[PDB]
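Asker: Input: one structure, supplied below.
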Amino acid sequence: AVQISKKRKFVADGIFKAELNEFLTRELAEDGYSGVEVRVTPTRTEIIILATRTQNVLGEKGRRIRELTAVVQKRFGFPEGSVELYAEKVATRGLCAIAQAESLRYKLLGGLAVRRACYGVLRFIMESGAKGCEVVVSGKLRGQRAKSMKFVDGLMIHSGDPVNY
Amino acid sequence: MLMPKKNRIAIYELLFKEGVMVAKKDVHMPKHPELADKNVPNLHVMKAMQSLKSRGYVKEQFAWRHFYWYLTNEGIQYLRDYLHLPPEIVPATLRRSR
Amino acid sequence: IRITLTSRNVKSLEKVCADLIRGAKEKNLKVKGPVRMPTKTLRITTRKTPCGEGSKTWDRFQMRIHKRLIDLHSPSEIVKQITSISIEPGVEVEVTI
Amino acid sequence: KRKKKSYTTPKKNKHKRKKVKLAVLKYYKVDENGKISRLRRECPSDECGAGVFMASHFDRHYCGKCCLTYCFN
Amino acid sequence: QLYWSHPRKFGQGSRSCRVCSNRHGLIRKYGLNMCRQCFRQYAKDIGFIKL
RNA sequence: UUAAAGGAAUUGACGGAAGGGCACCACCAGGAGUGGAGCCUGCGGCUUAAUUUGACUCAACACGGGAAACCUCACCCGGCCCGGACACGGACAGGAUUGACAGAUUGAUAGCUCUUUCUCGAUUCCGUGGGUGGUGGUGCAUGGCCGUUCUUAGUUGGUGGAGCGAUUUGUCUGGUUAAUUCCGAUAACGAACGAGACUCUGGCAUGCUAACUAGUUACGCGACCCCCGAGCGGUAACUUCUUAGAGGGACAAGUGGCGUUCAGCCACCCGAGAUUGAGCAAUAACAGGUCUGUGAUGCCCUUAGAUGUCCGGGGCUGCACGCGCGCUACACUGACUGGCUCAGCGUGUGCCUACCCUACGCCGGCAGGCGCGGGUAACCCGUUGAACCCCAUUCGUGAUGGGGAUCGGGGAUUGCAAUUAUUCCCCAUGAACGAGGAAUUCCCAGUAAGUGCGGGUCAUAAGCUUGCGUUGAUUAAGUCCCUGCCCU
RNA sequence: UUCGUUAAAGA
Ligand SMILES: [Mg+2]
Ligand SMILES: [Mg+2]
Ligand SMILES: [Mg+2]
Ligand SMILES: [Mg+2]
Ligand SMILES: [Mg+2]
Ligand SMILES: [Mg+2]
Ligand SMILES: [Mg+2]
Ligand SMILES: [Mg+2]
Ligand SMILES: [Mg+2]
Ligand SMILES: [Mg+2]
Ligand SMILES: [Mg+2]
Ligand SMILES: [Mg+2]
Ligand SMILES: [Mg+2]
Ligand SMILES: [Mg+2]
Ligand SMILES: [Mg+2]
Ligand SMILES: [Mg+2]
Ligand SMILES: [Mg+2]
Ligand SMILES: [Mg+2]
Ligand SMILES: [Mg+2]
Ligand SMILES: [Mg+2]
Ligand SMILES: [Mg+2]
Ligand SMILES: [Mg+2]
Ligand SMILES: [Mg+2]
Ligand SMILES: [Mg+2]
Ligand SMILES: [Mg+2]
Ligand SMILES: [Zn+2]
């Protein structure tokens, strides 16, 4: 019945991807959040959440994932159970830098001081097969002026195209 | 200031049927779009949900314009007080999982 | 009867095109060519900064929307037979009879 | 800036609307210990005049729920 | 009550942003509602690349 | 009275110290200009009830995509509402908490208040704590992002020499290059980040792959001049033209000279190309800007007569003045009229909250209106019949017919509302301006400049900006004198 | 040719 252009439907889908991904990294900051994958299918719209700790996604008895299914379906326009969610456990914890920063947030919140936390995440990323990391923590640290503390080990490529992948 | 008697019981009936409430920031000042599920647009919805988020019943999340309300286990334990009025019915969040 | 494959990534476009031609060669259907549409590009120029300090330095964001069309004249039963294909989500399928 | 907005007081401190009536309201009049006599005027039949009585005025009559206003010479 | 006069069907005041309602900064007519302050952060997420 | 004063020596940082390099954001040889005149738009000073504010050398000054009639709006003037969550608690009205017609006051038919008195019913009203909000302050508290240093080429570890050690050599006398890019000399050897390499685009080509949403040769339908088998457009095969996938193709390879065996420069040819333009871009700093981007945030102010949010006006535009980016001209290589002839990016609809792109016919001189049609797009605008340019006439060195600023009258369009800002069209008034002093900006080939179109805000909507096309120069291809930066 | 001052601390 209704239709829009190909030049606008793709950017609407991309805004949907960014909306869902950043809202799930808002509300699912408790467990280890890595990313989402959404398959476009006209029968059942499948949304796959790649998470490091899948226990909070699965809930107690399959409650939180159905609640987030209701969250998606009661605004984004998918009645009668069209959107279905599926979780994926991520085995490599040290691979996802988003999960590393997400765990570093909760370690820096409840005590666990900055030197020890940075050397801990460097040791964990270096243990998990990575060639080289660089953890930079900036802000007000034990004073007034913002001390820029950088920590780097291994090998790192900064310039060119293949930095992004 | 008196909400009609159907209003609060209808929005609580919707929250009991689903467990997830959704609204936007648009309280009447640029434009008046009604709520996609109910009769009152946004302001009475926010006034009804601020009492639930302020008593520690329903969690709150925000997605760039939109308030998404999150049901809690203790949220259901305090919605037992609303469940004084109907019989004991579990909503379609806690009962079963397909 | 035509089928439009509208794609976001050209590598997955060529992969699903090779898969479709590989699955369509063995049947007794006159398979027409995957016609290369011109690439759509939505360029957006951005100030790079919330406050105006420095030179007029502009972000230049782009997309590369690709599009292919095939012609497979067949009855609707054969069309629904060809329709069931598992696909990468970077490609969208439309049919037109 | 350091702009100081001071109360120049063009107008005095005014009072808000306060809803005040008598103690109780006797709408109906009892005659001969059982017959009910009506003094005030009812509201016309526009899904308002079921038990709603209109307001008294020198030449107007005003309804409470749906705000129907009637006039007569 | 008269809370909403000025019916606001046009102009700068009608355009409200999807991200933070920054109606002072402009909102582009691209089938899109951003600020240019947040489109920079979210362009690589919605599918725009610099090249 | 004091817990240090001091000595060599090491690394930063800093010099109004020296040496060597690099840079058209420096110069040379030039081009285009600006600064001269008018206008457009920001900034300062005035004025104002308010002329909201941030930014002040590059690294502020058509920048906040900042083009404001109300919104935007944060500034003045006057007036509504609380969205005052939530806990304890006062009256609790023998259930009376919120909404308003008529008249006065107010722009208002704000029940804002008053006279009048109907209605809704345990969500109330008031107090004490607490929470919310702010384009309020603090970017010299902050995050993120950007700018600048710096698109310059510079940084670091392992083993080994020197030193007791901090440290140093490696990372360098010289040559070359855009480069700490290499060659060389070598107490240094293999290495790493950065530069290259990477990605996109442009240039060439295959009968490699292939197309009724793109064309071509013949052929048919079929019009037209000579009439003589010819010519010009309208309506069965192949990708050469259009589009896009892979692969190829260029590497200073070949020759001669300049150079130490070198690293590498110069002339020619084959070649489409003897190399195009961008993106990303280190170690590390500025106490650079942004709290006026946010539901990013620390601290301070307020929260009922509001620094919250609306409503109605004015304002950012306001003028003796100075400054900056730009536009128009100062004409005959030209202005006017008529004819002819060529594009390339890209945009466009019932939107995840308000909306187009426009063909055809008629009317009107025009700005415009009316009816009807296509397009959610290589399909429809559209074989984007653009401007510049080319041909013919007029003008004839006169502030002239160049310049069109200012100014009056009228007519159309959006918008609820255009007047002390819309915009467009017609008539008329017709200024300075005679190629611009001191100084100063950008630039090395499809490049400067002339010239038009498309996107951004948009409804009305570009003189700004981002991109695309047409025509298309002069003169260098060198240097440390001026300036700035780097290294030792 | 000339161009003044910026404490105590804070790694
Ligand atoms: Mg920092
Ligand atoms: Mg920090
Ligand atoms: Mg900090
Ligand atoms: Mg600080
Ligand atoms: Mg600015
Ligand atoms: Mg708008
Ligand atoms: Mg803005
Ligand atoms: Mg000494
Ligand atoms: Mg100007
Ligand atoms: Mg200024
Ligand atoms: Mg001034
Ligand atoms: Mg403000
Ligand atoms: Mg601070
Ligand atoms: Mg030793
Ligand atoms: Mg050294
Ligand atoms: Mg082509
Ligand atoms: Mg860097
Ligand atoms: Mg919060
Ligand atoms: Mg203020
Ligand atoms: Mg100007
Ligand atoms: Mg709009
Ligand atoms: Mg006049
Ligand atoms: Mg202008
Ligand atoms: Mg200079
Ligand atoms: Mg001192
Ligand atoms: Zn926003």
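Residue numbers (our numbering), protein chains in the order written: chain V, 464 to 628; chain A, -1 to 96; chain R, 10 to 106; chain F, 84 to 156; chain D, 248 to 298. The C-beta atom is built at its ideal place from N, Cα and C for all residues, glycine as well.
So is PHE257/D in contact with chain R if we call contact Cβ pairs under 7 Å?
Answerer: Contacts with chain R at 7 Å (Cβ-Cβ) do not include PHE257/D.
Asker: At the level of alpha carbons, what is the spacing between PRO254/D and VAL503/V?
Answerer: 39 Å
Asker: Any chance the CB of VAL600/V is under 6 Å from a heavy atom of ligand 2?
Answerer: Relative to ligand 2, the beta carbon of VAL600/V is positioned inside 6 Å of a heavy atom.
Asker: Closest to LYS36/A by C-alpha separation, out of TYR10/A, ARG63/A and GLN59/A, would be which residue?
Answerer: It is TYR10/A whose Cα lies nearest to the Cα of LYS36/A.
Asker: Have a look at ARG78/A, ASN71/A and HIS30/A and flag the residue whose alpha-carbon is nearest the alpha-carbon of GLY525/V.
Answerer: Answer by Cα proximity: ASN71/A.
Asker: Does the beta-carbon distance from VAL520/V to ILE512/V come in below 7 Å?
Answerer: yes
Asker: Select from the region 265 to 283 of chain D all residues with a C-beta closer than 8 Å to any C-beta belonging to chain A, and list them in chain order.
Answerer: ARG265, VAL266, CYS267 and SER268
Asker: If you draw a straight line from the alpha carbon of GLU543/V to that of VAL43/A, how long is it in whole angstroms?
Answerer: Straight-line spacing of the CA atoms in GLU543/V and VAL43/A works out to 24 Å.
Asker: Can you say whether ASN627/V is buried or exposed, counting buried as having 16 or more other CB atoms within 10 angstroms of its CB?
Answerer: Burial check for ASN627/V: the Cβ neighbour count within 10 Å stays below 16, so the residue is exposed.
Asker: Can you tell me the Cα-Cα spacing of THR555/V and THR517/V, whole angstroms?
Answerer: 13 Å
Asker: For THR55/R, which residues from the same chain have a beta carbon less than 6 Å from its beta carbon, with the 5 sequence-adjacent residues on both sides left out?
Answerer: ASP68
Asker: Identify the residues that DSSP records as bridge partners of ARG69/R: which are they?
Answerer: In DSSP, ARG69/R forms a bridge with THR54/R.
Asker: Specify the secondary structure class of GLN607/V as computed by DSSP and reduced to three states.
Answerer: In the three-state scheme derived from DSSP, where H, G and I count as helix and E and B as strand, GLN607/V is classed as coil.
Asker: Would you give the residue range spanned by the alpha helix (DSSP H) that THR532/V belongs to?
Answerer: 527 to 536
Asker: Which residues in chain D sit within 7 Å of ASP68/R, going by Cβ to Cβ distance?
Answerer: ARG287 and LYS297
Asker: Going along the region 40 to 68 of chain R in order, which residues come within less than 7 Å of chain V, judged by CB to CB distance?
Answerer: Listed in sequence order: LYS49 and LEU51.
Asker: Which residues bound the beta strand (DSSP E) around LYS552/V?
Answerer: Element bounds for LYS552/V: 546 to 552.
Asker: So is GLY294/D in contact with chain V if we call contact Cβ pairs under 7 Å?
Answerer: Output row for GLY294/D: interface = yes.
Asker: I need the straight-line Cα distance from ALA580/V to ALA560/V, nearest angstrom please.
Answerer: Using only the alpha carbons, I get a separation of about 15 Å.
Asker: Looking only at its chain, what residues have a beta carbon closer than 7 Å to the beta carbon of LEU487/V, apart from the 5 residues adjacent to it on each side?
Answerer: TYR496, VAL499 and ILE512
Asker: Measure the alpha-carbon distance for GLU103/R versus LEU14/R and round it to whole angstroms.
Answerer: 7 Å
Asker: Of the residues that make up the region 27 to 49 of chain A, which ones have a beta carbon closer than 8 Å to any beta carbon in chain D?
Answerer: Shown in chain order are the members of the region 27 to 49 of chain A whose Cβ falls below 8 Å from a Cβ of chain D: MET27, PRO28, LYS29 and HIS30.
Asker: Does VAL499/V come within less than 7 Å of chain R when only Cβ atoms are used?
Answerer: Taking 7 Å as the CB threshold, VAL499/V stays off the interface with chain R.
Asker: For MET44/A, name the three-state secondary structure that DSSP assigns.
Answerer: helix
Asker: Have a look at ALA27/R and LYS20/R and give me their C-alpha separation to the nearest angstrom.
Answerer: 11 Å
Asker: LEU604/V: beta carbon under 6 Å from a heavy atom of ligand 2?
Answerer: yes
Asker: According to the neighbour-count rule (16 or more other Cβ atoms, all chains shown, within 10 Å of its Cβ), is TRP251/D buried or exposed?
Answerer: exposed
Asker: Please tell me whether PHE541/V and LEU585/V are closer than 7 Å, where the distance is taken between their beta carbons.
Answerer: No.
Asker: Determine, using beta carbons only, whether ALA481/V comes closer than 7 Å to chain A.
Answerer: no
Asker: Along chain V, in chain order, which residues have C-beta atoms closer than 7 Å to that of residue 112/A?
Answerer: The requested residue 112/A is not part of the displayed model; chain A covers only -1 to 96.
Asker: Find the nearest neighbour of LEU83/A within the set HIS26/A, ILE7/A and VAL38/A, judged by alpha-carbon distance.
Answerer: Minimum Cα distance to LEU83/A is reached at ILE7/A.
Asker: Is DSSP giving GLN284/D helix, strand or coil here?
Answerer: coil
Asker: Our contact map puts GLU509/V next to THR532/V with C-beta atoms below 8 Å; I'd like the distance itself, whole angstroms only.
Answerer: Incorrect: roughly 11 Å between the Cβ atoms, too far for contact.
Asker: How is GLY617/V classed by DSSP in three states: helix, strand or coil?
Answerer: strand
Asker: Anything in chain A within Cβ reach of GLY525/V, meaning under 9 Å, just list it in chain order.
Answerer: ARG94, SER95 and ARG96
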